[PDB]
Every structure is written in structure tokens, then in C-alpha cells.
Amino acid sequence: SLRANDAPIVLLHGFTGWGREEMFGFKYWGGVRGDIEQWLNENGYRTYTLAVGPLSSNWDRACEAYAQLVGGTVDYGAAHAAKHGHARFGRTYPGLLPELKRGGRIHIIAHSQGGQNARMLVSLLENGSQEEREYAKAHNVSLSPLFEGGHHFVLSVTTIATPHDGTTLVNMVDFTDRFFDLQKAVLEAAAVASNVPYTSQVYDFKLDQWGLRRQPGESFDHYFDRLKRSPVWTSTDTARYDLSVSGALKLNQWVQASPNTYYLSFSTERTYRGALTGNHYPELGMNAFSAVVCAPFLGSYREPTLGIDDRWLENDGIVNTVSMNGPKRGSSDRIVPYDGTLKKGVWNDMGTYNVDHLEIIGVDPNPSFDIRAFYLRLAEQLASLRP
Ligand SMILES: [Ca+2]
Ligand SMILES: [Zn+2]
């Protein structure tokens with residue numbers, strides 16, 4: 001379709017992810033297939049990459065995304081900081097797109113928990129935070145323009161394999177141990193070891209707010225064990241919490257669709273229905289870690305009281321496919337299956353793809369999936385959107 005808008009693309013990672021200079025240059029967006037930002041740019045779709053805290057709360061990552069985009073010191077809010085016990089202020093950024101302050105807009109393409117992070121940034125841009133505005137007045141302290149409301153610079157959000165209603169994987173007995181083993185597998189796919197105390201940061205978790213950092217002489221193995229016991233794994237202000245079915249419910253209750261923004265969901269599935277009791281099993285080609293450690297659980301876990309029945313068993317290795325088309329559990333957002341015309345203010349469900357959680361970003365191979373073709377056709381669609 002004809003190009004109707006000049007808004008640039010921002011790629012936003014999941015509960016794992018890292019900037020373009022990190023991980024010795026192994027891109028999260030393209031992995032072993034190449035560099036997805038490079039593909040869109042060289043095909044005339046100007047594209048940028050955000051890097052926020054992968055284990056942090058969506059709230060933290062919205063404030064991190066904001067500063068990273070417009071430029072400034074990350075401002076988590078005086079109130080939120082007091083309530084949860086971390087720094088009000090994080091890293092300073094120069095700003096990728098200061099023209100957002102002057103009328104420029106962006107399309108966000110987000111993977112995994114990134115789709116929650118993207119939705120929430122919109123909701124804060126539009127409404128801000130009553131509580132922050134209240135707190136800034138009471139204790140005579142500065143307010144981020146983010147908490148004010150009346151901002152708007154996101155023309156479209158696209159979610160790819162996003163736990164909008166959470167993932168049942170979080171309810172696994174040993175999820176803690178199994179989740180940081182996922183972080184290690186991603187490292188290994190990056191050709192980075194978990195048992196070597198690298199001098200340089202390699203993978204920065206951006207836990208400035210919690211005063212956490214991998215230390216001189218500290219391995220990722222030893223660091224992850226330490227993060228397991230830390231507030232970025234034990235508190236409600238975390239990716240862990242937001243990622244649970246109860247986390248997404250509580251997020252859905254306050255993070256709604258802006259009428260000024262297009263939402264596209266892409267769902268993923270990489271499972272087959274078994275004959276014995278209708279459980280779901282990993283297809284051939286699923287990333288080894290998911291196929292062994294995550295999928296068997298995802299595609300047999302039931303809670304009939306929490307609505308978690310057979311619709312929840314199909315999974316992309318990591319997320320229950322049903323959770324992906326858009327928010328439902330605790331949401332009044334509308335979900336319309338794609339009919340050739342993209343609608344503002346609603347979820348354009350662009351369908352389910354035979355592609356696993358890590359294949360869809362190229363962190364695992366799948367020759368059957370044309371990853372260049374997928375991301376180009378998406379950029380072409382987002383460029384076609386009426387502003
Ligand atoms: Ca594969
Ligand atoms: Zn926080």
C-alpha cells in the first residue's frame with residue numbers, strides 16, 4: 001500500500017534484550033538471521049532500537065523508554081519510587097528522537113513483555129499518573145512531563161508474541177531457576193558464556209534504580225543467582241509480576257487502548273494437539289530450551305477456576321497463544337480480526353504464525369520462516385497507516 005506517514009520505527013525487546021553495542025553486536029532483533037533494524041533502514045524504513053531493563057516492571061521500562069526517546073534522565077516518579085523503594089532517577093540519555101517534543105511520532109514494534117511496555121507508555125503519555133501529580137504537589141518536588149498527561153507521539157503499537165493476559169509458565173514450581181536458565185540459553189545463542197566473569201558488561205540489566213550491577217569477578221551464573229534473591233525478582237515492581245496471569249490482569253485494568261493509536265497483534269504457536277487428553281507438545285524445530293523446559297508445562301498446565309482451560313494450552317514455547325491477540329482478562333479494549341483495513345483505537349489481530357518465541361526475532365533458526373519478508377511487509381503496512 002502507498003506510504004501515508006513518515007513516522008520512524010522503534011524496536012522494543014521482551015524480558016530478555018540489549019542495545020546494539022551490547023552482546024558483542026549479536027542483535028536481539030535478528031539474532032542468527034542478521035540485523036532487522038539494518039533490513040528496514042536499507043529498504044527506506046528508518047528504524048531505531050530501544051534498550052530498557054529486561055527484568056524491570058513495565059512501569060520502569062515506560063519511564064526508561066520515554067527518556068531514551070525524547071532525551072533526559074529516566075524519571076520513575078517520586079511517588080512510585082517511595083512506594084517500591086528504588087531511586088526516583090535512572091540513567092541519562094541524549095534522546096533518539098527529540099522531535100517527538102515538537103510533533104514527530106513513532107511506530108513501536110514490540111516482542112514478548114515489550115508489548116505490555118509499549119501499551120503502558122501510550123497510557124502514560126495520554127493520561128499520565130494522578131498519583132504522581134498528587135505527590136509532586138504534596139511534597140513540593142518536580143514532575144516528569146510523562147506523568148502530566150496530554151502528550152502523544154505513538155501512531156501505532158505492534159505486539160509480537162506478547163503475554164497480554166500473562167503466561168502460565170510463571171506458575172511453574174521452579175520458574176525462578178528455569179527462567180534464569182532461559183536467560184543463559186539466550187546468552188549461549190549469543191555465543192556468550194554464563195561461567196566467565198567478563199570485565200566489560202556484555203549484557204547490562206540497567207538495574208541502576210535498584211543499585212544492582214554485575215561486579216568485577218562476577219559470572220552471569222553467580223549474578224543471576226544473586227538477582228533471584230534481589231528486589232527485581234522478589235517485588236511486585238518487576239517483569240516477573242507483570243508477566244504472571246495476575247500481573248497482566250492488574251495491568252489490563254488500568255492500561256487501555258488510546259483512540260489516537262493503531263494496535264496490531266501478531267500471535268505465535270509452535271505446538272501439536274496430543275491424542276491422549278488434548279495436551280499441547282513442542283513441534284519439531286522449537287528452540288531446544290523451550291521444547292524441553294517450558295512447552296511441555298505450558299501445554300498441560302490447567303486452572304479451571306482462573307479460566308485457564310484448553311484455549312491456554314497452545315503456546316510459542318514461552319507464551320500461551322490465546323494471551324497474544326490483545327488484552328482480555330481485565331480489559332474493555334476491543335479485538336477485531338484483520339479485514340484488510342487497520343483501525344485506530346483497537347487491536348488488529350493480524351493472525352497466528354507457525355513460529356516460536358525466539359524464531360520470530362531470529363534468536364533461533366527456522367529456514368521455513370522468511371524473517372526478512374515478515375518484518376518488511378509489516379514496515380510497509382505501518383508506513384501505509386493514515387496519521
Ligand atoms: Ca527453530
Ligand atoms: Zn519501579
# chains A, B, ... in the order shown; residues from 1 in each chain; ligands from 1

$ residues_near_ligand --ligand "ligand 2" --cutoff "9 Å" --atoms "only C-alpha atoms and all ligand atoms" --output "PyMOL selection string"
chain A and resi 56-61+76-77+80-81+83-88+209-210+232+236-238

$ residues_near_ligand --ligand "ligand 1" --cutoff "8 Å" --atoms "only C-alpha atoms and all ligand atoms" --output "list in words"
residues 284, 285, 286, 287, 288, 356, 358, 359, 364, 365 and 366 of chain A

$ residues_around --residues "segment 344-355 of chain A" --least-positions-apart "2" --cutoff "10 Å" --atoms "only C-alpha atoms" --output "VMD selection string"
chain A and resid 155 to 161 256 to 271 283 285 to 286 316 to 317 321 to 322 324 to 327 333 to 342 357 to 361 366 368 to 369 385 to 387

$ residues_around --residues "residue 33 of chain A" --least-positions-apart "2" --cutoff "6 Å" --atoms "only C-alpha atoms" --output "ChimeraX atom specification"
/A:30-31,362

$ select_by_dssp --residues "segment 13-169 of chain A" --states "alpha helix (DSSP H)" --output "count of residues only"
50

$ closest_residue --among "A:5, A:171, A:68, A:244" --to "residue 49 of chain A" --atoms "only C-alpha atoms"
A:68

$ closest_residue --among "A:313, A:291, A:100, A:245" --to "residue 330 of chain A" --atoms "only C-alpha atoms"
A:245

$ closest_atom_pairs --of "segment 208-273 of chain A" --to "segment 10-18 of chain A" --cutoff "9 Å" --atoms "only C-alpha atoms" --output "tab-separated table"
residue	atom	partner	partner_atom	distance
A:239	CA	A:15	CA	6.6
A:240	CA	A:15	CA	8.6
A:243	CA	A:15	CA	8.8

$ write_last_selection --atoms "N, CA, C and O atoms" --output "tab-separated table (two decimals), in the first residue's frame"
chain	number	residue	atom	x	y	z
A	239	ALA	N	9.27	-7.36	36.00
A	239	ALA	CA	8.84	-8.16	34.84
A	239	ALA	C	8.17	-9.43	35.35
A	239	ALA	O	7.12	-9.76	34.86
A	240	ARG	N	8.75	-10.14	36.32
A	240	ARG	CA	8.16	-11.40	36.85
A	240	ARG	C	6.66	-11.21	37.13
A	240	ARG	O	5.83	-12.02	36.67
A	243	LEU	N	4.27	-10.34	34.31
A	243	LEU	CA	4.30	-11.42	33.31
A	243	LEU	C	3.33	-12.53	33.73
A	243	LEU	O	2.79	-13.24	32.83

$ closest_residue --among "A:169, A:152, A:114, A:241" --to "residue 300 of chain A" --atoms "only C-alpha atoms"
A:169

$ atom_distance --atom1 "atom CA of residue 82 of chain A" --atom2 "atom CA of residue 144 of chain A"
15.4 Å

$ closest_residue --among "A:219, A:189, A:165, A:148" --to "residue 307 of chain A" --atoms "only C-alpha atoms"
A:165

$ select_by_dssp --residues "segment 222-384 of chain A" --states "strand (DSSP E)" --output "ChimeraX atom specification"
/A:262-268,271-273,280-282,335-337,347-353
